[PDB]
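Working notes, beginning with the structure itself.
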Amino acid sequence: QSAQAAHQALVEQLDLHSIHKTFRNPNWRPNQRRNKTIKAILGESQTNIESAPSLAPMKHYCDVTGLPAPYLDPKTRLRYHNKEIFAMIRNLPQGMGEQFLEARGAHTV
Amino acid sequence: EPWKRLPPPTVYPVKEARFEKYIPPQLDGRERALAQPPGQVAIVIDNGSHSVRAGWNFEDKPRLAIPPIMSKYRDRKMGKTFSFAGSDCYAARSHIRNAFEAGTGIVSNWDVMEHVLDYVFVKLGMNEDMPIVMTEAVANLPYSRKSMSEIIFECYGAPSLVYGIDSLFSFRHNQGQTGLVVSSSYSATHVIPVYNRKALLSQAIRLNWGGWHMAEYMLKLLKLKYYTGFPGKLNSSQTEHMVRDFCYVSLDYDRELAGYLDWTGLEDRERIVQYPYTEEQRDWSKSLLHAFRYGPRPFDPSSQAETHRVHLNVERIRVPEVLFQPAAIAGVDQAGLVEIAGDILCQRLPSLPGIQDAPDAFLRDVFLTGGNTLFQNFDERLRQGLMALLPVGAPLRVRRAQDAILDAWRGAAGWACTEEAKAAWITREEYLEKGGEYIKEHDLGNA
Ligand SMILES: Nc1ncnc2c1ncn2[C@@H]1O[C@H](COP(=O)(O)OP(=O)(O)OP(=O)(O)O)[C@@H](O)[C@H]1O
Ligand SMILES: [Mg+2]
């Protein structure tokens, strides 16, 4: 069917593997280990000393609705706006509480 | 009555990254690159983690703007291998890998990068021999620079290479002379003080928040808002278009936030995104969580049209504000943009011994670069935040770059073949002796 033929035409038209690169040196071949993560690079190097913490007191926002939160729930440690969201928070599925923490990089353990 | 008085909702379709058209190789550019005078032609590549931009230094705009992604697979029924290296990855298998480590400015998958460079030179019409100008992350890692320059010299054999910072090329293109360069990009947000056209990179600071993190955070929020299950497949490419089209910086966040879900006028503050669908005495009207999730209208799960739509609400303004309140809103545990810029102007630069007329020299041009600065009220928010930290009546101006995405490439294109640049070029024969970590230190580059 023409739709499949057209899609295969586009796939062949777009592919780079069908194209020979005269500008590419065939003799050089990379080290297969060359792909390394930042932690590996920094750990092996041991200026990415440009990050900075803050000392000011941070504001408190509701983990559910993002509105300001007067309250921190001592049980689930979610911050919440009002009693309606406290009801929602306590009714959450057993996995969901850790997701609200984790959306702000917090975790319960 | 409280909803029946409202008009039918205005609703916006989802947008996503997609393949648009075939781009044949631009052989006309290759011919011009041979006709132009000796030593006044270079290939200029901006390594955007969101978009690799590449073209001819003698031209006013890049020839390519391409995501740094590859795809490589076999149609096993067909036996032939296929490979793709940009928006030819349909970002229809979407069997994709990316050159950059996600949420960083550093290239890390060099096989992907090498396939992206291969795509670039094919599309520029290489028939091989041409100087290359390539942008870097600030404080780009030596190993990453070594690996890129090894690819440029060993694989592609190019005659010369120079590395400069994208935000500093952007500043030069906007008549930058001295100033505070504030960049927000895909990877990160940086504040760079520039003195007498030279960046004081020892006083640069990085936030580790950017347009990537905003699209990822917006996705975490939408997954939480609809944790009962949104029936459409939420993707980070979709939330990236949501952050562009709908988010804005709040001029007074807590004042605006605390009333944001208030029921009157919520149909104005709310914007509604339609995912695609197919179809054959306390109550909701006084519940906050209905407003949050479904707005002023009643909701029914029977409608396939009214399911499969997300209501943005507080994340319209909550998402950009992570730049200003990172530890509060997203736990980033880093100083906000106004506190970083304030620390530089007020604490660092007046102490620095070689500088004169600090802060006022720098303070007269706080310069905004990179796409993730393009939020509404971003500039006014940064101005009013700094104005409180500076002495009264200090000559603060905040200024946007022209065309704050492409302008970083235009600066490198204009700079590419100046005598200042050609003194910074490294030749292949130097690289073979000095190695790939060595660079000519220059005002637009790393130390
Ligand atoms: N009008 C706009 N408003 C807000 N954000 C925008 C707008 N246009 C683009 N963006 C966002 O800006 C980001 C692109 O940033 P930029 O082009 O400066 O980065 P880059 O050069 O590709 O990356 P980097 O320098 O971090 O490696 C993307 O997240 C994109 O969604
Ligand atoms: Mg950039």
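As shown in the structure tokens, the chain order sets the letters A, B, ...; within each chain, residues go from 1, and ligands are also counted from 1 in the order they appear.
For chain B, the residues within 6 Å of chain A are residues 82, 83, 84, 108, 109, 128, 139, 155, 156, 205, 206, 258, 328, 330, 331, 334 and 335 of chain B, with only C-alpha atoms used to measure distance.
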*Find the residues near ligand 2. Use a cut-off of 12 Å, count only C-alpha atoms and all ligand atoms, and write them as a ChimeraX atom specification.*
/B:45-53,104-106,134-138,164-170,182-190,210-212,369-373,404-409
Strand (DSSP E or B) call set, DSSP backbone run, chain A, as a tab-separated table (two decimals) with N, CA, C and O atoms, in the first residue's frame:
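Dumped everything to selection.tsv:
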chain	number	residue	atom	x	y	z
A	61	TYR	N	5.56	25.72	50.53
A	61	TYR	CA	4.48	25.55	49.58
A	61	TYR	C	3.86	24.16	49.70
A	61	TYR	O	4.53	23.18	50.05
A	68	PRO	N	0.60	28.26	49.09
A	68	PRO	CA	1.38	28.31	50.33
A	68	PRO	C	0.87	27.32	51.36
A	68	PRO	O	-0.33	27.04	51.45
A	71	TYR	N	1.21	24.27	57.03
A	71	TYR	CA	1.22	23.05	57.81
A	71	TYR	C	2.13	22.01	57.19
A	71	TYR	O	2.15	21.84	55.97
A	72	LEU	N	2.87	21.30	58.04
A	72	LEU	CA	3.61	20.11	57.65
A	72	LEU	C	2.99	18.92	58.37
A	72	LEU	O	2.94	18.89	59.61
A	79	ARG	N	3.72	18.78	52.81
A	79	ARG	CA	3.22	20.10	53.16
A	79	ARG	C	1.91	20.35	52.43
A	79	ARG	O	1.77	20.02	51.25
A	80	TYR	N	0.95	20.94	53.14
A	80	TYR	CA	-0.40	21.05	52.62
A	80	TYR	C	-1.00	22.40	52.96
A	80	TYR	O	-0.64	23.04	53.95
*Could you pull out all residues of stretch 155-302 of chain B with a DSSP call of alpha helix (DSSP H) and give them as an MDAnalysis selection string?*
chainID B and resid 166:173 211:225 236:246 253:258 266:269 288:294
Go ahead and dump the residues you just picked, N, CA and C atoms, as a compact mmCIF listing (two decimals), in the first residue's frame.
# COMPACT_ATOMS: atom_id res chain seq x y z
N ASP B 166 28.98 30.15 24.40
CA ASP B 166 27.82 30.63 23.64
C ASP B 166 27.27 31.94 24.18
N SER B 167 27.19 32.08 25.50
CA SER B 167 26.67 33.31 26.10
C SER B 167 27.56 34.52 25.84
N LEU B 168 28.88 34.31 25.77
CA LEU B 168 29.83 35.38 25.48
C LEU B 168 29.84 35.78 24.01
N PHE B 169 29.68 34.83 23.09
CA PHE B 169 29.42 35.20 21.70
C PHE B 169 28.13 36.00 21.55
N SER B 170 27.09 35.63 22.29
CA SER B 170 25.85 36.40 22.25
C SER B 170 26.04 37.83 22.75
N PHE B 171 26.79 37.99 23.83
CA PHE B 171 27.07 39.32 24.38
C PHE B 171 27.84 40.20 23.39
N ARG B 172 28.87 39.65 22.75
CA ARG B 172 29.60 40.38 21.72
C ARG B 172 28.71 40.82 20.56
N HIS B 173 27.79 39.97 20.12
CA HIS B 173 26.90 40.36 19.04
C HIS B 173 25.96 41.50 19.41
N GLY B 211 15.91 25.12 30.82
CA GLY B 211 14.71 24.75 30.09
C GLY B 211 14.42 23.26 30.10
N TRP B 212 15.45 22.43 30.22
CA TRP B 212 15.24 21.00 30.36
C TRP B 212 14.57 20.68 31.68
N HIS B 213 15.13 21.20 32.77
CA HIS B 213 14.60 20.99 34.11
C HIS B 213 13.18 21.52 34.26
N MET B 214 12.86 22.62 33.59
CA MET B 214 11.48 23.11 33.60
C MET B 214 10.52 22.15 32.91
N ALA B 215 10.91 21.57 31.78
CA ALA B 215 10.03 20.60 31.13
C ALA B 215 9.90 19.32 31.94
N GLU B 216 10.99 18.88 32.58
CA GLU B 216 10.93 17.71 33.46
C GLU B 216 10.09 17.96 34.71
N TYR B 217 10.26 19.11 35.35
CA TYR B 217 9.46 19.46 36.52
C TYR B 217 7.98 19.63 36.20
N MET B 218 7.66 20.33 35.11
CA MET B 218 6.29 20.40 34.62
C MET B 218 5.67 19.02 34.38
N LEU B 219 6.47 18.05 33.93
CA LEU B 219 5.96 16.69 33.76
C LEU B 219 5.70 15.98 35.09
N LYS B 220 6.62 16.10 36.05
CA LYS B 220 6.36 15.59 37.39
C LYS B 220 5.07 16.15 37.98
N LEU B 221 4.86 17.46 37.85
CA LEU B 221 3.64 18.09 38.35
C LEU B 221 2.38 17.55 37.68
N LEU B 222 2.37 17.46 36.35
CA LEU B 222 1.18 16.97 35.66
C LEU B 222 0.87 15.52 35.97
N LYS B 223 1.90 14.70 36.15
CA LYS B 223 1.70 13.32 36.59
C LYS B 223 1.10 13.25 37.99
N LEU B 224 1.54 14.13 38.89
CA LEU B 224 0.95 14.20 40.22
C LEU B 224 -0.48 14.74 40.20
N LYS B 225 -0.71 15.82 39.45
CA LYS B 225 -2.05 16.40 39.40
C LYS B 225 -3.09 15.37 38.96
N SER B 236 7.72 14.49 28.07
CA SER B 236 8.52 15.68 28.36
C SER B 236 8.59 16.64 27.17
N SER B 237 8.53 16.11 25.95
CA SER B 237 8.45 16.97 24.77
C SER B 237 7.16 17.78 24.74
N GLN B 238 6.07 17.23 25.28
CA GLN B 238 4.81 17.97 25.33
C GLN B 238 4.84 19.06 26.39
N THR B 239 5.37 18.75 27.58
CA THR B 239 5.50 19.75 28.63
C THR B 239 6.50 20.85 28.28
N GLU B 240 7.50 20.53 27.46
CA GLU B 240 8.38 21.57 26.93
C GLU B 240 7.63 22.61 26.10
N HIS B 241 6.68 22.18 25.27
CA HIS B 241 5.84 23.15 24.56
C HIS B 241 4.86 23.86 25.48
N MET B 242 4.41 23.21 26.55
CA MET B 242 3.57 23.88 27.54
C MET B 242 4.31 25.00 28.28
N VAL B 243 5.55 24.74 28.70
CA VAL B 243 6.36 25.77 29.35
C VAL B 243 6.60 26.97 28.44
N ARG B 244 6.84 26.73 27.15
CA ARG B 244 6.94 27.84 26.20
C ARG B 244 5.65 28.63 26.09
N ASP B 245 4.53 27.96 25.81
CA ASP B 245 3.34 28.69 25.39
C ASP B 245 2.60 29.34 26.54
N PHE B 246 2.68 28.79 27.75
CA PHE B 246 1.78 29.21 28.81
C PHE B 246 2.47 29.76 30.05
N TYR B 253 5.11 36.90 43.41
CA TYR B 253 4.69 35.51 43.31
C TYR B 253 3.65 35.15 44.36
N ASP B 254 3.98 35.35 45.64
CA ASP B 254 3.07 34.98 46.72
C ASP B 254 1.75 35.73 46.66
N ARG B 255 1.77 37.01 46.28
CA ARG B 255 0.53 37.76 46.14
C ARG B 255 -0.35 37.19 45.04
N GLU B 256 0.26 36.82 43.91
CA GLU B 256 -0.47 36.23 42.79
C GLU B 256 -0.84 34.78 43.07
N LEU B 257 0.08 34.01 43.65
CA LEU B 257 -0.15 32.59 43.91
C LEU B 257 -1.33 32.35 44.83
N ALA B 258 -1.37 33.05 45.97
CA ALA B 258 -2.34 32.73 47.01
C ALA B 258 -3.78 32.88 46.55
N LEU B 266 -11.05 32.22 37.50
CA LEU B 266 -10.18 31.08 37.25
C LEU B 266 -10.20 30.63 35.80
N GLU B 267 -11.33 30.78 35.11
CA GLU B 267 -11.38 30.46 33.68
C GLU B 267 -10.50 31.37 32.84
N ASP B 268 -10.05 32.50 33.38
CA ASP B 268 -9.05 33.33 32.73
C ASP B 268 -7.62 32.90 33.07
N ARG B 269 -7.37 32.55 34.33
CA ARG B 269 -6.03 32.15 34.75
C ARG B 269 -5.69 30.75 34.25
N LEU B 288 -11.59 22.88 46.45
CA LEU B 288 -10.37 23.42 45.86
C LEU B 288 -9.74 22.47 44.85
N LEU B 289 -9.76 21.17 45.15
CA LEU B 289 -9.15 20.19 44.27
C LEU B 289 -9.89 20.01 42.95
N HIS B 290 -11.18 20.32 42.89
CA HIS B 290 -11.83 20.38 41.58
C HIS B 290 -11.33 21.57 40.77
N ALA B 291 -11.24 22.75 41.38
CA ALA B 291 -10.70 23.91 40.69
C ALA B 291 -9.29 23.64 40.17
N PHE B 292 -8.43 23.10 41.04
CA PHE B 292 -7.06 22.75 40.68
C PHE B 292 -7.01 21.86 39.44
N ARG B 293 -7.86 20.84 39.38
CA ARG B 293 -7.78 19.82 38.34
C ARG B 293 -8.71 20.06 37.16
N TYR B 294 -9.84 20.73 37.36
CA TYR B 294 -10.89 20.80 36.35
C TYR B 294 -11.48 22.19 36.18
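Atom pair atom CA of residue B:3 / atom CA of residue B:296: separated by 6.1 Å.
The shortest atom-to-atom distance to residue B:87, with only C-alpha atoms taken into account, belongs to B:23 out of B:23, B:44, B:355, B:99.
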*asked:* Which residues are close to residue B:157, i.e. within 8 Å by only C-alpha atoms, leaving aside same-chain residues fewer than 3 positions away? Reply as a PyMOL selection string.
replied: (chain A and resi 24-25) or (chain B and resi 129+152-154+428)
Taking 5 positions as the minimum chain separation for residues in the same chain, which residues sit within 7 Å of residue B:69 when counting only C-alpha atoms? Answer as a PDB file with C-alpha atoms, in the first residue's frame.
ATOM      1  CA  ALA B  85      20.870  11.919  13.486  1.00  0.00           C
ATOM      2  CA  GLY B  86      18.504  14.876  13.983  1.00  0.00           C
ATOM      3  CA  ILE B  96      16.641   7.614  20.103  1.00  0.00           C
ATOM      4  CA  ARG B  97      19.787   8.497  22.043  1.00  0.00           C
ATOM      5  CA  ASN B  98      21.126  11.957  22.879  1.00  0.00           C
ATOM      6  CA  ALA B  99      24.689  13.274  22.806  1.00  0.00           C
ATOM      7  CA  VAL B 112      25.965  10.122  19.101  1.00  0.00           C
TER       8      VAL B 112
END
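Counting only C-alpha atoms, stretch 54-58 of chain B has the following residues at most 8 Å away, ignoring those fewer than 2 positions along the same chain: residues 29, 33, 40, 41, 42, 43, 44, 45, 46, 52, 60, 61, 62, 63, 64, 65, 120, 124, 412, 413, 414 and 416 of chain B.
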*asked:* So the first atom is atom CA of residue B:75 and the second is atom CA of residue B:21; what is the distance between them in Å, to one decimal place?
replied: 21.8 Å
